[PDB]
Every structure is written in structure tokens, then in C-alpha cells.
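A short worksheet on the structure shown next.
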Amino acid sequence: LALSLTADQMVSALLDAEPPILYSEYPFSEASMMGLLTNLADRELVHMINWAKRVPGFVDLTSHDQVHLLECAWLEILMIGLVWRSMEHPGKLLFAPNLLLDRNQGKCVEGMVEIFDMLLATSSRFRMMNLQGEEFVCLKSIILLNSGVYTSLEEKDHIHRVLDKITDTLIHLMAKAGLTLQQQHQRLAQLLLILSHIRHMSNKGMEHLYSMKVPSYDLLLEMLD
Amino acid sequence: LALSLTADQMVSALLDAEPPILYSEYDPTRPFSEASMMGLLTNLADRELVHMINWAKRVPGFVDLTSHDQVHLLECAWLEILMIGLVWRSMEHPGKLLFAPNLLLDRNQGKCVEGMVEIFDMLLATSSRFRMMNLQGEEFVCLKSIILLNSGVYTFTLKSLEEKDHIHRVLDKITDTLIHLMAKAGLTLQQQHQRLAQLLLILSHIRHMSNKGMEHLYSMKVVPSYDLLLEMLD
Ligand SMILES: C[C@@H]1Cc2c([nH]c3ccccc23)[C@@H](c2c(F)cc(NC3CN(CCCF)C3)cc2F)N1CC(F)(F)CO
Ligand SMILES: CC1=C(c2cccc(O)c2)[C@H](c2ccc(I)cc2)Oc2ccc(O)cc21
């Protein structure tokens, strides 16, 4: 079914599964800032699982594989969401509508400034590319399906065919927007290369969270069913 | 001078710029303890590093960049570049990493350094994913140049805008070069877009492998510095 969808259908279904925008509870210094960001992360996580179950192909996977994809992707997903929300607040991060934070407020946590700077830089790149909400939902799905695909064979083929239809979906949006074939191939490549930076940011994030002192498999295991 | 090149001229130059395959020190005490194996691999990577600078200066667009921006891209890319280099030459050796023609190691020799085996298994999966897709040399040299230009572009006044848009124009030129190679080979436009996307999604795991590698190199306890790379650049 999910392999037999048009560009239009894939977009619609993803536009439909989008979690809602959440609110914080808001000086700071290490403890509270982390507090507010931790809690909001944890609430966003709950909505993430129900969003993933609505990504075409995802539910056709085993619960083992669903869980692994999520334990590898969860912080890339949070981060592309933040970056997407921040696109029209140049030089700030819209954590929540009541928590819009400055490059300068990263200094309130040791090691966080660097992760704000990365994030702000991805936001500006989205703004300059005029990233569309339809392109956003496709990329957030690419991340979900792609960040642990390389780790049975039947499952790998299914994920790779889903990702083929999201490529088609991404190309269709750009053709409908009226881009040339050269402009289409180019914009496809620009958006998928930003995923390597988001992967980078995820890994430096994870690293910085272990300086703080991450969900296990059992965590997500229970939450899917 | 990189925006003048046709697809074929961009491929020609990238093939021509390729570093040679180096050997590991010949007849070290066999078998290895963790230390001596880490000495062999470090000795080899540090030698590969010198050739990588020479290779980097022949990637079209790279010498148009300031020396500061040139070293920033190498700071950010060097381990992803060594790693894609490893997975390509490892392709035709299922379950084996061809570090050198004289240093061919399977998963189990990876266990001889604590933490190395996880990163080993990732490098092995990636080489298999390359085999599975029948990655071509012309494509490989396009991916290796994309890592150099892309990895550090996101962490750069009018100056460094023209550097960031120039890097992006070059990257757009390498994308076109990849499509041309696929269209030339007889792939449909659809298959052309699909194969471009799967090649670029693999760059995201290579970044992952790179950050895990750097994590592991730190754990053990050194890596290229800024100044060092500045020196080799000139
Ligand atoms: C700035 C980034 C990105 C980010 C954080 N909060 C968010 C809320 C909504 C959307 C995005 C974010 C925040 C963030 C986060 F992303 C997760 C957590 N930790 C909690 C995730 N929890 C799950 C396990 C609970 F037991 C631990 C704390 C944060 F400050 N994060 C920091 C970092 F992870 F990159 C480390 O520097
Ligand atoms: C990927 C890789 C290493 C590797 C393997 C596993 C983990 C890791 O962190 C690095 C290891 C290495 C050792 C020391 C340094 I300084 C850099 C790389 O030795 C190499 C040699 C050549 C090469 O092309 C790639 C590697």
C-alpha cells in the first residue's frame, strides 16, 4: 500500500502525522535550563513515537526494527524540528513559543553554546534554501528510516524502497514548484547533504548529554505498543 | 577555475587527483597487541594524511578558498575521507578491511583494540552497501570530494558568504557530474534521482562512523591540529 502511494499521497499522510508545537514552563545556569530542555524533549518524545507509526512503511517493519530506527534517530528528529521552527527567528532557537533562546544564552550551560551554534547555522541554511513544510516532512522521514537502516535483508529492501518513494516525492514537489531537472537534482542533493550536518549535531549532542549525566531500547519498546 | 569544467572534465581531474595506495610498515612483530596495531594504523593514517592535502588542493574549487577555510574543511573532513578511502578499497574483500595491500584485517583482528570492533563492523557494513550498489570509481571520487566541501561548510561577513556560496556552486557542479555519469551509463531520470539520493544518505553514516572514530581515538588518548594542517597546506 505505502509502496503504491503518489507524491501527493505521501505528502498528505506526512503533513497529517505532524506532532503539535509544545510549550516550556519558564535567570538560568546549569540545572534549570537543562531542566526545561530535558522536560520539553521528553514530552516531544511521546508525540514522536505516534508520528513515526504514521510514516508510510514504518509500521510494516518489526517492533525490534521500529525501536532501533527510533533509538538512533530521536535526537536528529528533535533537532530538525527545532531548526525548522527557528527558520523565521534569525539568530535564535524556538524551543517552544514561550522559550525563544539567544546564541548568547547557550553560555548558561557548558558545552551547549557549540550545539546552539551548529543549530542556528542549520536554521539559516533552511531559510536561504526557502525549505517548504512539505520538504521538511519528507526529510524528517528520511532521517527516521535512514539513521539505523545499516545494522533482516527483506526489512532493508523495504526501507530502501520507502526511501526511493520519498526521493520521488521530493522530486515531484520541486517539479510542481516549477524547477528544471538540473535544479531538481541539485536541490535534492542540497537537502540530503544537510542531513550529514544534522547527523553530526546529533552525535555531538549525545556526547554533550553524557557530560551532563539517553533512552534505552526497553524505553521505546513499551511506548510503540 | 572549477565552474568552467564539463562533467567529463570534472571527473577527469578527480580521477587524476587520487592519492596512491600506501603500505603499512613491512614485517612488524606478528601478531599485534593493541598498542602496536594502533601504532601501525596511526603511522599509516599520518602518511595517508600528507597525500590527502596534495589531493585536496587538486579538488576543483578548494584552492579558490582561503587557507583558514581550506584547513577548516580538512579539520572537519579528514577522518570521513580516510574512512571512505578504506571502505572503497575494502569493497572486493567481503568481511575484510584492506587498510593497506599488506594490512588486510577481518572483524576478529578488530577485537584486538578495545572499542575498535564496533567501528570496524560499521566500516564493514558500509563497504558491503557500496558492493551491493556497485559503486563506480567515477562516483566514488565525486562522493570523496563532496565530503571535503560539505562537512565543514555549515560551521563557517561578505567574505565567507562568497566562500559558502562558491562551495555550494562547486557542490552543485559535483551533483551535475554525478547525474551525467548515471545518465551516461543509461539509468532513467527516476533511477538517476533514486541513486543520487542513496549515495548521499550513505554520507550521513560516514559522518556517524567519523564521529564514533574521533570519540574512540580520544578514549584511547593524537589527531591532526589546525596549525599542523596549515603547515602541510603551504
Ligand atoms: C539543544 C538540543 C536540542 C533540543 C533540546 N531540547 C529540545 C526540545 C525540543 C526540540 C529540540 C530540543 C536539548 C536537549 C535534548 F535534546 C535532550 C535532553 N535530554 C533528555 C532526552 N531524554 C530522554 C531520556 C529520559 F530518561 C534525556 C536534554 C536537552 F537539553 N538539546 C541538547 C543536546 F541534547 F543536544 C545536548 O546538548
Ligand atoms: C579508519 C581508520 C582508523 C580507525 C579505525 C577505527 C577507529 C578509529 O577511530 C580509527 C585507523 C586510524 C588510526 C589512527 C588515526 I590518527 C586515524 C585512523 O587507521 C586507519 C588507517 C588508514 C585509513 O585509511 C583509515 C584508518
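Lettering and numbering for the C-alpha cells are positional, with chains as A, B, ... in the shown order, residues counted from 1 in each chain, and ligands counted from 1 in the shown order.
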For this session: Would you kindly report the residues of chain A within 9 Å of chain B, using only C-alpha atoms, as a VMD selection string?
Result: chain A and resid 117 to 118 121 to 122 125 142 146 to 148 150 to 151 160 163 to 165 167 to 168 171 181 to 182 184 to 190 192 to 200 203 to 204 207
Could you list the protein, DNA and RNA residues that have any atom within 6 Å of ligand 2, counting only C-alpha atoms and all ligand atoms, and write them as a PDB file with N, CA and C atoms, in the first residue's frame?
ATOM      1  N   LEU B  41      48.441   1.535  12.443  1.00  0.00           N
ATOM      2  CA  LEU B  41      47.288   2.244  11.818  1.00  0.00           C
ATOM      3  C   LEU B  41      47.528   3.758  11.831  1.00  0.00           C
ATOM      4  N   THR B  42      48.005   4.294  12.954  1.00  0.00           N
ATOM      5  CA  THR B  42      48.383   5.723  13.155  1.00  0.00           C
ATOM      6  C   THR B  42      49.502   6.116  12.182  1.00  0.00           C
ATOM      7  N   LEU B  44      50.175   4.767   9.438  1.00  0.00           N
ATOM      8  CA  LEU B  44      49.611   4.669   8.070  1.00  0.00           C
ATOM      9  C   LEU B  44      48.694   5.856   7.793  1.00  0.00           C
ATOM     10  N   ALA B  45      47.826   6.198   8.743  1.00  0.00           N
ATOM     11  CA  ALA B  45      46.843   7.278   8.551  1.00  0.00           C
ATOM     12  C   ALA B  45      47.615   8.596   8.408  1.00  0.00           C
ATOM     13  N   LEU B  82      39.471   9.481   5.146  1.00  0.00           N
ATOM     14  CA  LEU B  82      40.282   8.243   5.342  1.00  0.00           C
ATOM     15  C   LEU B  82      39.344   7.030   5.290  1.00  0.00           C
ATOM     16  N   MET B  83      38.203   7.140   5.971  1.00  0.00           N
ATOM     17  CA  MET B  83      37.190   6.085   6.139  1.00  0.00           C
ATOM     18  C   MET B  83      36.514   5.757   4.799  1.00  0.00           C
ATOM     19  N   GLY B  85      37.863   6.211   1.958  1.00  0.00           N
ATOM     20  CA  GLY B  85      39.030   5.641   1.259  1.00  0.00           C
ATOM     21  C   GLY B  85      39.152   4.163   1.585  1.00  0.00           C
ATOM     22  N   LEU B  86      39.014   3.819   2.872  1.00  0.00           N
ATOM     23  CA  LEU B  86      39.114   2.435   3.407  1.00  0.00           C
ATOM     24  C   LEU B  86      37.975   1.580   2.838  1.00  0.00           C
ATOM     25  N   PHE B  99      43.285  -2.016   4.861  1.00  0.00           N
ATOM     26  CA  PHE B  99      43.991  -0.801   5.342  1.00  0.00           C
ATOM     27  C   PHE B  99      45.141  -0.463   4.389  1.00  0.00           C
ATOM     28  N   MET B 116      37.402  -0.804  19.209  1.00  0.00           N
ATOM     29  CA  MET B 116      37.682  -0.706  17.753  1.00  0.00           C
ATOM     30  C   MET B 116      36.653  -1.530  16.966  1.00  0.00           C
ATOM     31  N   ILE B 119      33.289   0.078  15.527  1.00  0.00           N
ATOM     32  CA  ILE B 119      33.627   0.992  14.408  1.00  0.00           C
ATOM     33  C   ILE B 119      34.042   0.169  13.185  1.00  0.00           C
ATOM     34  N   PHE B 120      34.761  -0.929  13.406  1.00  0.00           N
ATOM     35  CA  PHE B 120      35.149  -1.945  12.391  1.00  0.00           C
ATOM     36  C   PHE B 120      33.918  -2.495  11.661  1.00  0.00           C
ATOM     37  N   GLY B 213      34.566   7.372  15.447  1.00  0.00           N
ATOM     38  CA  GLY B 213      36.013   7.142  15.294  1.00  0.00           C
ATOM     39  C   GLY B 213      36.793   8.108  16.155  1.00  0.00           C
ATOM     40  N   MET B 214      36.423   9.385  16.093  1.00  0.00           N
ATOM     41  CA  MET B 214      37.025  10.522  16.834  1.00  0.00           C
ATOM     42  C   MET B 214      36.798  10.290  18.329  1.00  0.00           C
ATOM     43  N   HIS B 216      36.373   7.409  19.770  1.00  0.00           N
ATOM     44  CA  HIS B 216      37.248   6.243  20.091  1.00  0.00           C
ATOM     45  C   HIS B 216      38.719   6.677  20.181  1.00  0.00           C
ATOM     46  N   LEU B 217      39.217   7.461  19.217  1.00  0.00           N
ATOM     47  CA  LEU B 217      40.628   7.962  19.206  1.00  0.00           C
ATOM     48  C   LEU B 217      40.905   8.766  20.491  1.00  0.00           C
ATOM     49  N   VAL B 223      45.478  13.532  17.193  1.00  0.00           N
ATOM     50  CA  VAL B 223      44.859  13.733  15.849  1.00  0.00           C
ATOM     51  C   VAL B 223      45.412  15.022  15.244  1.00  0.00           C
TER      52      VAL B 223
END
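The smallest atom-to-atom distance between ligand 1 and any of A:100, A:129, A:214, A:17, using only C-alpha atoms and all ligand atoms, is found for A:214.
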For this session: Can you tell me which residues come within 8 Å of ligand 1 when counting only C-alpha atoms and all ligand atoms, ideally as number ranges by chain?
Result: A: 33-42, 44-45, 75, 78-82, 95-96, 111-112, 115-116, 119, 201-202, 204-209, 214-215
Exercise. So which residues touch residue B:224 within 10 Å, counting only C-alpha atoms, skipping near sequence neighbours fewer than 2 positions away, as a ChimeraX atom specification?
Worked result: /B:46,49,74-75,78-79,222,226-229
Convert the current residue selection to file output with N, CA, C and O atoms, as a PDB file, in the first residue's frame.
ATOM      1  N   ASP B  46      48.635   8.808   9.240  1.00  0.00           N
ATOM      2  CA  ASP B  46      49.505  10.012   9.229  1.00  0.00           C
ATOM      3  C   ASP B  46      50.242  10.143   7.896  1.00  0.00           C
ATOM      4  O   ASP B  46      50.501  11.289   7.486  1.00  0.00           O
ATOM      5  N   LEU B  49      47.538  11.047   5.318  1.00  0.00           N
ATOM      6  CA  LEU B  49      47.184  12.471   5.584  1.00  0.00           C
ATOM      7  C   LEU B  49      47.965  13.430   4.690  1.00  0.00           C
ATOM      8  O   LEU B  49      47.385  14.418   4.228  1.00  0.00           O
ATOM      9  N   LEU B  74      39.405  20.633   6.044  1.00  0.00           N
ATOM     10  CA  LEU B  74      40.233  19.433   6.324  1.00  0.00           C
ATOM     11  C   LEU B  74      40.053  19.017   7.789  1.00  0.00           C
ATOM     12  O   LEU B  74      39.917  17.787   8.041  1.00  0.00           O
ATOM     13  N   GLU B  75      40.023  19.979   8.714  1.00  0.00           N
ATOM     14  CA  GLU B  75      39.783  19.682  10.150  1.00  0.00           C
ATOM     15  C   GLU B  75      38.526  18.818  10.242  1.00  0.00           C
ATOM     16  O   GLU B  75      38.541  17.810  10.950  1.00  0.00           O
ATOM     17  N   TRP B  78      38.777  15.099   7.578  1.00  0.00           N
ATOM     18  CA  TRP B  78      39.942  14.209   7.314  1.00  0.00           C
ATOM     19  C   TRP B  78      39.602  12.747   7.624  1.00  0.00           C
ATOM     20  O   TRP B  78      40.021  11.876   6.816  1.00  0.00           O
ATOM     21  N   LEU B  79      38.881  12.465   8.710  1.00  0.00           N
ATOM     22  CA  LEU B  79      38.620  11.070   9.150  1.00  0.00           C
ATOM     23  C   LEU B  79      37.508  10.423   8.313  1.00  0.00           C
ATOM     24  O   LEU B  79      37.647   9.212   7.962  1.00  0.00           O
ATOM     25  N   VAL B 222      47.785  11.275  18.986  1.00  0.00           N
ATOM     26  CA  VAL B 222      46.868  12.454  18.914  1.00  0.00           C
ATOM     27  C   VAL B 222      46.446  12.648  17.447  1.00  0.00           C
ATOM     28  O   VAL B 222      46.991  11.949  16.565  1.00  0.00           O
ATOM     29  N   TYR B 226      44.972  22.149  13.877  1.00  0.00           N
ATOM     30  CA  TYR B 226      44.870  23.316  12.959  1.00  0.00           C
ATOM     31  C   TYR B 226      46.246  23.625  12.363  1.00  0.00           C
ATOM     32  O   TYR B 226      46.413  23.490  11.139  1.00  0.00           O
ATOM     33  N   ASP B 227      47.198  24.025  13.210  1.00  0.00           N
ATOM     34  CA  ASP B 227      48.496  24.606  12.772  1.00  0.00           C
ATOM     35  C   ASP B 227      49.193  23.595  11.858  1.00  0.00           C
ATOM     36  O   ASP B 227      49.679  24.016  10.783  1.00  0.00           O
ATOM     37  N   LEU B 228      49.210  22.319  12.265  1.00  0.00           N
ATOM     38  CA  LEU B 228      49.842  21.193  11.521  1.00  0.00           C
ATOM     39  C   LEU B 228      49.382  21.234  10.060  1.00  0.00           C
ATOM     40  O   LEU B 228      50.245  21.256   9.155  1.00  0.00           O
ATOM     41  N   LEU B 229      48.066  21.264   9.863  1.00  0.00           N
ATOM     42  CA  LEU B 229      47.388  21.216   8.539  1.00  0.00           C
ATOM     43  C   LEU B 229      47.729  22.483   7.750  1.00  0.00           C
ATOM     44  O   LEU B 229      48.044  22.347   6.554  1.00  0.00           O
TER      45      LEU B 229
END
For this session: Would you mind reading off the distance between atom CA of residue B:65 and atom CA of residue B:22, one decimal, in Å?
Result: 28.2 Å
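With only C-alpha atoms as the basis for measurement, A:65 is the residue among A:65, A:8, A:110, A:25 that approaches residue A:152 most closely.
When only C-alpha atoms are used to measure the gap to residue B:234, the shortest distance among B:141, B:132, B:96, B:70 belongs to B:70.
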For this session: Could you tell me, as a ChimeraX atom specification, which residues of stretch 96-204 of chain A DSSP assigns to strand (DSSP E) when given the backbone?
Result: /A:96,99-102
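If only C-alpha atoms are the atoms counted, then among B:180, B:88, B:36, B:31 the closest residue to residue B:133 is B:88.
Using only C-alpha atoms for every distance, the candidate list A:224, A:13, A:179, A:212 yields A:13 as the residue closest to residue A:55.
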Problem set entry | Test item, helix (DSSP H, G or I) assignment across chain A, answer as a ChimeraX atom specification | /A:2-4,7-17,32-52,58-60,63-85,103-108,113-129,133-146,153-176,181-212,217-224
For this session: For residue A:170, please output as a ChimeraX atom specification all residues within 9 Å (counting only C-alpha atoms; exclusion window: fewer than 6 positions along the same chain).
Result: /A:7,134-135,138-139,184,188
Taking C-alpha atoms for each residue, export the selection above as a compact mmCIF listing (two decimals), in the first residue's frame.
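And here's again-v9.txt as it stands now:
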# COMPACT_ATOMS: atom_id res chain seq x y z
CA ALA A 7 3.90 12.03 -4.34
CA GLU A 134 6.33 19.56 2.54
CA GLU A 135 10.15 19.21 2.02
CA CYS A 138 9.98 14.23 3.80
CA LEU A 139 13.49 14.97 5.33
CA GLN A 184 15.57 19.41 -9.04
CA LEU A 188 17.60 17.12 -3.73
For this session: Using atom CA of residue B:117 and atom CA of residue A:159 as the two end points, give the distance in Å to one decimal.
Result: 26.0 Å
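In this structure, atom CA of residue B:97 sits 14.4 Å away from atom CA of residue B:112.
Among the candidates A:105, A:62, A:9, A:123, the one nearest to residue A:85 when counting only C-alpha atoms is A:123.
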